[PDB]
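Here, each number is a calculation from the coordinates, and none is a lab measurement. As a convention, Cβ positions derive from the backbone with ideal geometry for all residues, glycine included, and neighbour counts pool all protein chains shown.
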């Protein structure tokens, strides 16, 4: 069991539109759009009321980042499709797939991370001179975890809620056993 | 002979082949690249240290001949040279003699060139300036 | 360019140690011998 | 670096990258790939117990090399070793890198034994920003009795009042 | 501003100085250099800005200027830029500068 | 067809 | 006489081999000063590319691939796709490994 | 050849309406007007950087940004600026910027 349910902060999804898009026309006609052809071969935009960022490519694939939940990404994709329809192009929701879900949580006790890396070494790799957070790669499900000495645990690489929830439920008893001071 | 070799002959050997010059021409594949470079490295003075030893973990401590004999180490001293680097550039055009000028990038500069083994009771060993009771303190025969 | 890779101290160190350890001088034999510590006159 | 960490003679990242001109990205990813494949080969072949040989921090091994580069006496080296060992107990410095915690412990023991060297010289030799050393000294200034070795003050060679104020 | 006034004066002096030979290459009379002056600063007296001694889409009496930048640092909220070498106007008052640090918090 | 580096005695 | 360093041996070995002091001298840092130049370009329309190519073959008949890349600033794939339609490379002549215009466009 | 950003200035639109009056009068042709605008932009770009000494800072809140055709556009509302002090607020302002790399 866990006393606190982790909350999400970024959901990344993709939608294919099945159409050809011109980057210059959507860079000039749209308001909040940026295009650096010398740097990145796509146009970048974002909207505020879900606070989500769209990577719009020339092949009709586009990527939504910065969504807190699934419905926020859904309404962001709806308004992005409205923007494409109203800007002078024809697009349709041919396929929409959520591909990344992250979340953060706190346990509110210090964790002896050296003993954690000594015990659960086959799934974890520690290198504090590069990054102070332990990188834990659990085999089922495919969720990576960033572990910190302050108790802040970051779960990354999810697709739905059950896998990240069961990942935290599995990582709670092996992390609550470590106490410092 | 060992004092003569350390104090005088080392410096002569360094000063014999101190200058080493590498030359790079214009690389005339395009008209914008017509610069000739000349990189000269010169070994200056040589400094010989007191005998020491580095450990497995990089820890270096001064080595004494009794400790060297017991631990199967080598009673050697490091040698450093003051290397000076000079980079010269010139406009490479045909029909004109090349005139190289300094780029004012001269970094200086002891660099490790090797451990010269030290003959005991030379001008470099620890036992040279040791007195009698000091020499029994180091577990050596007077 | 690396100055540490420019000068390999182990060339001189290994040359001196091989010439003093074994009897071979260079790269005459038996130039360097193990010291005969049987008596003081020896 | 795997060979260094295998024989309890482990080195750091900065001195490896000083010799090989390689970026941190591919070096870290290659390190992870090496560790995973060597653990897989050990599981397939002869299994080996870690018993703290590829530990991430390993700050106890970086003390005497930096002390020798600073030319400190070996008693100061042992005192800084005790300080680095006791830094595992403090929860406020647990997330710090082993290099910075080793440097600040060494500087604290230098100020404890009144070794006449400056923090600027330590920062120049060990390539650490003086602000990080000052922050580590400030956060370890409150932890006096938890870092100073008790038999050192029992022998009276050091005292708590030698530390300059913050 | 007196500084912007003298900058505008030396700008218009340099403009009417450097182009006279190119205008004479066209074969026009020298009085073309004269009357084109007279329509200029009088229009400046019609500008009344500087004192002269002479549902979501992109869709005079408006505040605008042009300038040059070097680097733009963008964060999650801040939008800092090292804006350089332009002329600004505020409430119909033109000013000249070297460097401006523009930043604004994203909503 | 050039020689790039060369030795200057 | 030779000079004997009277300081601590560890200070001398601080600069030895593994030294986490980073190297700072700019002597022969050619890899650093020629890896900072990067070429980036996109797919502009073909007509201006073909006009500029015809202008540069009218300037001189023979060019190399790297010279064309540093002149017209094109991706290698798109420059190859524009070149092979209207030009060809010499295989065995004295001007080999150099792109030149097709024989039908010589008289134009 | 520099960027063609300078058309929207008060001296810029003064020049474009002046050349419109010349075109209506028919004593100055078209390409002559384009090249004299080009050398006008050249002269003002060369002479704007050398003989001035003042500064300012800007404190505002943006609403819309964009980066297209290798130029930057910003709109800022309720912004605050300082003279060389003296401060005054601006209800609406638009910023158009071009890269420091020179074209052509």
Tell me, yes or no, whether the stretch A:37-44 has at least one residue that is within 11 Å of another protein chain (Cβ to nearest Cβ) and under 18 Å from the mean Cα position of the chain (by Cα).
-> yes
When every residue in the stretch H:49-66 that is farther than 22 Å from residue H:85 by Cα and surrounded by fewer than 18 Cβ atoms within 10 Å (Cβ to Cβ) is compared, the one farthest from the other protein chains (Cβ to nearest Cβ) is H:50
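In the stretch D:28-44, what residues are within 11 Å of another protein chain (Cβ to nearest Cβ) and surrounded by fewer than 16 Cβ atoms within 10 Å (Cβ to Cβ)?
So in the stretch D:28-44, the residues within 11 Å of another protein chain (Cβ to nearest Cβ) come out as D:28-29, D:31-36, D:39-40, D:42-43.
Within the stretch D:28-44, D:29, D:32, D:33, D:34, D:36, D:40, D:42, D:43 meet the criteria.
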Scope the stretch E:85-102; condition more than 7 Å from chain H (Cβ to nearest Cβ) and surrounded by fewer than 17 Cβ atoms within 10 Å (Cβ to Cβ); matching residues = E:92, E:93
Among the residues of the stretch C:4-39, the number that are more than 8 Å from chain B (Cβ to nearest Cβ) and part of a loop (DSSP other than H, G, I, E, B) is 19
If you check residue B:68 against the conditions, is it crowded, with 16+ Cβ neighbours inside 10 Å and in a strand (DSSP E or B)?
-> no
So residue G:23 fits all but one of (1) over 16 Å from the mean Cα position of the chain (by Cα); (2) within 14 Å of chain C (Cβ to nearest Cβ); (3) loosely packed, with under 14 Cβ neighbours inside 10 Å; what number is the exception?
-> (3)
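With the condition being surrounded by 14 or more Cβ atoms within 10 Å (Cβ to Cβ), I'd like the helices (runs of 4 or more DSSP H) fully within the stretch D:54-166 carrying at least 3 qualifying residues. Quick ask: steps written out before the conclusion?
On the way: elements: D:63-70, D:74-86, D:98-113, D:119-126, D:130-141, D:150-154.
The helices (runs of 4 or more DSSP H) meeting that bar are D:63-70, D:74-86, D:98-113, D:119-126, D:130-141.
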Quick one: would you say residue B:6 is facing chain G (nearest Cβ under 8 Å) and touching a helix residue (DSSP H, G or I) at 6+ places or on another chain (Cβ under 8 Å)?
-> no
Could you grab me the full set of residues in the stretch B:53-65 that are in contact with a strand residue (DSSP E or B) (Cβ under 6 Å, 6 or more places away or on another chain) and either under 23 Å from residue C:35 (Cβ atoms) or assigned to a loop (DSSP other than H, G, I, E, B) (or both)?
-> B:63
Among the residues of the stretch A:120-136, the number that are outside any loop (DSSP other than H, G, I, E, B) and more than 7 Å from every other protein chain (Cβ to nearest Cβ) is 4
For the stretch E:62-89 the number of residues that are under 15 Å from the mean Cα position of the chain (by Cα), over 20 Å from residue H:101 (Cα atoms) and not in a strand (DSSP E or B) is 2
Of the residues that make up the stretch B:105-119, is at least one touching a helix residue (DSSP H, G or I) at 6+ places or on another chain (Cβ under 7 Å), surrounded by fewer than 17 Cβ atoms within 10 Å (Cβ to Cβ) and in a loop (DSSP other than H, G, I, E, B)?
-> yes
Can residue D:72 be described as away from chain A (no Cβ under 11 Å), touching a helix residue (DSSP H, G or I) at 6+ places or on another chain (Cβ under 8 Å) and closer than 23 Å to residue A:113 by Cβ?
-> no
Give just the number: which of (1) farther than 30 Å from residue A:82 by Cα; (2) over 19 Å from the mean Cα position of the chain (by Cα) does residue E:49 not satisfy?
-> (2)
For chain G, list the helices (runs of 4 or more DSSP H) that sit wholly inside it and hold at least 3 residues that are touching a strand residue (DSSP E or B) at 6+ places or on another chain (Cβ under 6 Å); which are they?
-> G:9-13
Which condition does residue B:75 not pass, out of (1) within 30 Å of residue B:100 (Cα to Cα); (2) under 19 Å from the mean Cα position of the chain (by Cα), if it passes all the others?
-> (1)
Does the stretch E:12-25 contain at least one residue that is exposed (fewer than 14 other Cβ atoms within 10 Å of the Cβ), at the interface with chain H (Cβ under 8 Å from one of its Cβ atoms) and farther than 30 Å from residue A:85 by Cβ?
-> yes
Evaluate the following for residue D:6: is it within 11 Å of chain A (Cβ to nearest Cβ), farther than 28 Å from residue D:124 by Cβ and out of contact with any helix residue (DSSP H, G or I) (no Cβ under 6 Å at 6 or more places or on another chain)?
-> no
Quick one: would you say residue H:20 is more than 8 Å from every other protein chain (Cβ to nearest Cβ), assigned to a helix (DSSP H, G or I) and surrounded by fewer than 18 Cβ atoms within 10 Å (Cβ to Cβ)?
-> yes
